[PDB]
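Student: Once you've had a glance at the structure underneath, I'll fire off some questions.
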Amino acid sequence: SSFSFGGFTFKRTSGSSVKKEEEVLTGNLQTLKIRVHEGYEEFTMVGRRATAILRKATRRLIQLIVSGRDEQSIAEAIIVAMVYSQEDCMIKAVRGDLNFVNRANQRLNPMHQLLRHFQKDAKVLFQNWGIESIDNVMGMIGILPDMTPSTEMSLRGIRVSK
Ligand SMILES: O=C(O)[C@H]1[C@H]2CC[C@H](CC2)[C@@H]1Nc1nc(-c2c[nH]c3ncc(F)cc23)ncc1F
Ligand SMILES: [Cl-]
């Protein structure tokens, strides 16, 4: 069965995961209690303006292949995938006001809290994610933290289908 996150419809296409609650420490030193998915899984992500295929494991993005209508729509998909990955570099990229601990009995979803944080401005997320050298795969291109294309380098695990 499918579920929506960040305006993408997710469908699990392979694998499985078990759940473990973990109290992580954000970059601005707040505690979030997140349900960590442990396992090796593949998802499709279908949005109104971008599509992606995500392979991930426990708190790790392994591969994301993305297509979309413009740079902004591609970036939107990437930010959703980087939060959904639950990666420590994404948790440590949170900056600014302590606006996760301030909601009283609202009990907001920590994954949605993170997403709304990074949708505001993903520059620190992209700068801390990491880049790698890429193989030359015809029809695929790298995307750098400034969302410009590269034939040589890319955000770690991420490729754009031109
Ligand atoms: O935990 C949640 O409240 C929700 C919100 C935050 C992410 C998902 C979509 C919205 C999550 N829902 C679901 N996640 C997942 C799920 C599998 N592997 C994952 N890895 C990381 C992750 F993060 C969520 C998942 N499966 C079924 C779901 F139905
Ligand atoms: Cl929420």
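Identifiers in this document derive from the order of the structure tokens: chains are assigned A, B, ..., residues are numbered from 1 separately in each chain, and ligands are numbered from 1 in order of occurrence.
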For ligand 2, list the contacting residues at 8 Å or closer, counting only C-alpha atoms and all ligand atoms, as a ChimeraX atom specification.
Tutor: /A:107-113
Student: Would you put the residues from that selection into a file with C-alpha atoms, as a short mmCIF file (atom, residue, chain, number, x, y, z; two decimals), in the first residue's frame?
Tutor:
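The result, stored in out_31.cif:
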```cif
data_model
loop_
_atom_site.label_atom_id
_atom_site.label_comp_id
_atom_site.auth_asym_id
_atom_site.auth_seq_id
_atom_site.Cartn_x
_atom_site.Cartn_y
_atom_site.Cartn_z
CA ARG A 107 2.72 16.25 19.20
CA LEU A 108 3.75 16.97 15.59
CA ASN A 109 5.38 14.28 13.44
CA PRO A 110 9.22 14.68 13.72
CA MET A 111 9.72 13.59 10.08
CA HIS A 112 7.28 16.36 8.97
CA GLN A 113 9.06 18.79 11.37
#
```
Student: Ligand 1: which residues are within 8 Å, counting only C-alpha atoms and all ligand atoms? Reply as an MDAnalysis selection string.
Tutor: chainID A and resid 2:5 10 12 16:17 34:39 41 56:59 83:86 109:112
Student: Could the residues in this selection be written to a file with N, CA and C atoms, as a short mmCIF file (atom, residue, chain, number, x, y, z; two decimals), in the first residue's frame?
Tutor:
```
data_model
loop_
_atom_site.label_atom_id
_atom_site.label_comp_id
_atom_site.auth_asym_id
_atom_site.auth_seq_id
_atom_site.Cartn_x
_atom_site.Cartn_y
_atom_site.Cartn_z
N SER A 2 0.21 2.42 -0.55
CA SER A 2 1.06 3.61 -0.77
C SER A 2 0.79 4.61 0.35
N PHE A 3 1.67 5.58 0.53
CA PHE A 3 1.49 6.68 1.49
C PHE A 3 2.18 7.92 0.97
N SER A 4 1.70 9.09 1.36
CA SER A 4 2.21 10.39 0.83
C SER A 4 3.13 11.06 1.85
N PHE A 5 4.20 11.68 1.36
CA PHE A 5 5.19 12.45 2.18
C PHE A 5 5.80 13.53 1.29
N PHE A 10 4.67 7.58 -2.11
CA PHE A 10 5.67 6.50 -1.94
C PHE A 10 5.02 5.14 -2.11
N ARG A 12 6.49 1.05 -1.79
CA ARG A 12 7.61 0.13 -1.57
C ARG A 12 7.58 -0.85 -2.72
N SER A 16 12.19 -4.85 2.95
CA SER A 16 11.38 -4.76 4.17
C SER A 16 12.19 -4.02 5.22
N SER A 17 11.51 -3.57 6.27
CA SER A 17 12.18 -2.92 7.43
C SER A 17 11.42 -3.24 8.71
N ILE A 34 12.54 9.70 16.81
CA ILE A 34 12.11 9.28 15.44
C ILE A 34 12.01 7.76 15.41
N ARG A 35 11.08 7.31 14.60
CA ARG A 35 10.91 5.88 14.34
C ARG A 35 11.85 5.53 13.20
N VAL A 36 12.96 4.93 13.53
CA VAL A 36 13.98 4.54 12.53
C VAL A 36 13.53 3.25 11.88
N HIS A 37 13.54 3.23 10.57
CA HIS A 37 13.27 2.02 9.78
C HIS A 37 14.57 1.29 9.51
N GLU A 38 14.69 0.08 9.99
CA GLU A 38 15.93 -0.69 9.81
C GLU A 38 15.72 -1.77 8.74
N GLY A 39 16.55 -1.76 7.70
CA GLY A 39 16.41 -2.71 6.59
C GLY A 39 16.80 -2.09 5.29
N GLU A 41 15.52 -1.32 1.48
CA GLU A 41 14.23 -1.11 0.78
C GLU A 41 14.40 -0.26 -0.47
N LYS A 56 17.30 2.63 -0.19
CA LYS A 56 17.86 3.07 1.10
C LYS A 56 18.02 1.89 2.03
N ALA A 57 18.78 2.14 3.08
CA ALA A 57 18.90 1.16 4.16
C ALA A 57 18.80 1.91 5.47
N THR A 58 19.15 1.28 6.58
CA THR A 58 19.01 1.93 7.88
C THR A 58 19.76 3.25 7.94
N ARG A 59 19.05 4.36 8.03
CA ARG A 59 19.64 5.72 8.12
C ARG A 59 20.68 5.87 7.02
N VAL A 83 15.48 13.73 3.67
CA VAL A 83 14.84 13.62 5.02
C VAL A 83 14.36 12.17 5.24
N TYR A 84 13.68 11.60 4.25
CA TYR A 84 13.15 10.22 4.40
C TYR A 84 14.28 9.23 4.70
N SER A 85 15.49 9.49 4.20
CA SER A 85 16.65 8.60 4.48
C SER A 85 16.90 8.46 5.98
N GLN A 86 16.60 9.49 6.78
CA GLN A 86 16.89 9.51 8.24
C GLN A 86 18.40 9.59 8.47
N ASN A 109 4.57 15.37 14.02
CA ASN A 109 5.38 14.28 13.44
C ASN A 109 6.82 14.79 13.25
N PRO A 110 7.86 14.18 13.87
CA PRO A 110 9.22 14.68 13.72
C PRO A 110 9.76 14.64 12.28
N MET A 111 9.31 13.66 11.49
CA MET A 111 9.72 13.59 10.08
C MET A 111 9.14 14.77 9.32
N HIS A 112 7.87 15.13 9.58
CA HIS A 112 7.28 16.36 8.97
C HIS A 112 7.95 17.62 9.52
#
```
Student: Using only C-alpha atoms, which residues sit within 12 Å of residue 145 in chain A once same-chain residues fewer than 6 positions away are excluded, as a ChimeraX atom specification?
Tutor: /A:71,75,78-79,122-132,153-156,158
Student: Please, which residues of chain A, numbered as in this document, come out alpha helix (DSSP H) from DSSP, as a count of residues only?
Tutor: 37
Student: Please identify the strand (DSSP E) residues within chain A (assignment by DSSP from backbone atoms) and present them as an MDAnalysis selection string.
Tutor: chainID A and resid 3:5 8:25 31:46 50:57 60:68 131:133 140:143 149:150 153:155 158:161
Student: Let me make sure I understand: among A:8, A:116, A:74, A:32, which one has the smallest atom-to-atom distance to residue 149 in chain A if we use only C-alpha atoms?
Tutor: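 Comparing A:8, A:116, A:74, A:32 against residue 149 in chain A, the winner is A:74.
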